[PDB]
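Q: My structure is below; once you've seen it, I'll send some questions.
None of the figures in this text is laboratory data; all of them are computed from the coordinates on show. A quick note on method: Cβ atoms are made from the backbone with ideal geometry, for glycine too, and the neighbour counts reach across all protein chains shown.
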Amino acid sequence: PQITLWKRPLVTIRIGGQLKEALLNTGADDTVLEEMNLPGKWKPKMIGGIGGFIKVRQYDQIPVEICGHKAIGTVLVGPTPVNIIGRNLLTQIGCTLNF
Amino acid sequence: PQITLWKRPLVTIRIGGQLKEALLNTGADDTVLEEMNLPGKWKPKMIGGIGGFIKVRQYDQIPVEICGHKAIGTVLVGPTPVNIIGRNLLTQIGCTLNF
Amino acid sequence: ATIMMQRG
C-alpha cells in the first residue's frame, strides 16, 4: 500500500501470536520493540538517538509480520516509548520512500 | 525519485544558501537540525526521542529545499546527533512510504 | 546503530 505522512505511520505487526502497533521509521537503522519476552539467546547492546542512549536486548532471526508481509531479522527489545520498525526490516518488505 | 532503504536515506538540503546532509525520517514529527544560526526570532522548545528530552530553538516559516523540492515551515535547531527532515516537511514535498 | 525517532 501507499502510506501518507499526515499522521504517524503506525501499522500492525505480529510477533509470536502477539499483535502490536509499530511506527514505520526510516530514521531508525534497527527495529526496537517495547519490553516483551522472546525465546532464545540475546546480546546486550546500547542504542542511541535524540537525548542519548538506552540499553536494549538483541534477539536474532525473529519472525515478524508487517501488514500481511513476512519478515525475519534482528529485533532489539528495551524501554522504548514506542515500537519502532527500522530499515533492517523495512527493506525486507520492499518499502521505499517516494516523492 | 524513489528511495530504497538499504542505506540511510540521507539527502542534500539547501537552507539559507547552506548545503547540508539530512535524513528523511518518517519517525519524526518535526524537522531538527544541528546547531546553526538562522534569521528571525526563535522560541525555546523541548522535544523527546529515545534517550529522553532535549532543548531546541524553534524557527518558523523557514524555506528549505529538499532534493530540489521547496518547502516552507518550522525548523527546530539543537543538539541532534544527525540532521533529520520530519513529517512536517515531508508532507509538503509529497513524500509517501510504499510497499 | 542510531534510532532517530522524534516526538514533538
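Q: What distance in nm separates the simple spin-label points at A:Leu10 and A:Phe99, each placed 7 Å from Cα in the Cβ direction?
A: 2.4
Q: I'd like the distance separating the alpha-carbon centroids of segment A:1-39 and segment B:24-99, in whole Å.
A: What the calculation gives is 22 Å, centre to centre.
Q: If contacts are Cα pairs under 8 angstrom and at least 6 residues apart, what is the relative contact order of chain B in percent?
A: In percent, rounded to a whole number, it is 33.
Q: What nm value, rounded to one decimal, do you get for the distance between A:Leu19 and B:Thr74 when each label is placed 7 Å out toward the C-beta?
A: For the pair A:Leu19/B:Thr74, the computed spacing is 3.4 nm.
Q: Over the Cα atoms of segment B:11-99, what is the Rg over Rh ratio if Rh follows Kirkwood? Before the final figure, lay out the partial values.
A: Values: Rg = 12.4 Å, Rh = 13.2 Å.
Here the Rg-to-Rh quotient is 0.94.
Q: For B:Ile47, B:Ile85, what ranking results if the residue with the fewest other Cβ atoms within 10 Å of its Cβ goes first?
A: B:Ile47, B:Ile85
Q: Starting from the coordinates of the alpha-carbon atoms of the protein assembly as shown, obtain the Kirkwood hydrodynamic radius over all distinct pairs and give the value in Å to one decimal.
A: Values: mean 1/r = 0.0579 Å⁻¹.
Kirkwood radius, the protein assembly as shown: 17.3 Å.
Q: Next question. Return the average number of partner chain Cβ atoms within 10 angstrom of each residue Cβ along peptide A:17-28.
A: Shielding by partners across A:17-28 averages 5.
Q: Further question on the same structure: Each label point is 7 Å from the Cα along the Cα-to-Cβ direction; what then is the distance between the points at B:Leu38 and B:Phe53, in nm?
A: The two pseudo-label positions are separated by 2.1 nm.
Q: How far is B:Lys7 from the same spot in each other copy, in nm, shortest first, if each label point sits 7 Å from Cα toward Cβ?
A: Those label-point separations list as 3.5 nm.
Q: Sticking with this one: Amide H neighbours of B:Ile62 under 5 Å, at least 5 residues apart or on other chains, H built in the peptide plane: list them.
A: Answer set, sorted by chain and number: B:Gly73, B:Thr74, B:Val75.
Q: Name the chain A residue with the Cβ nearest the axis that maps A onto B: which is it, and what is the distance in angstrom?
A: Spelled out as residue then distance in Å, it is A:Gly51, 2.
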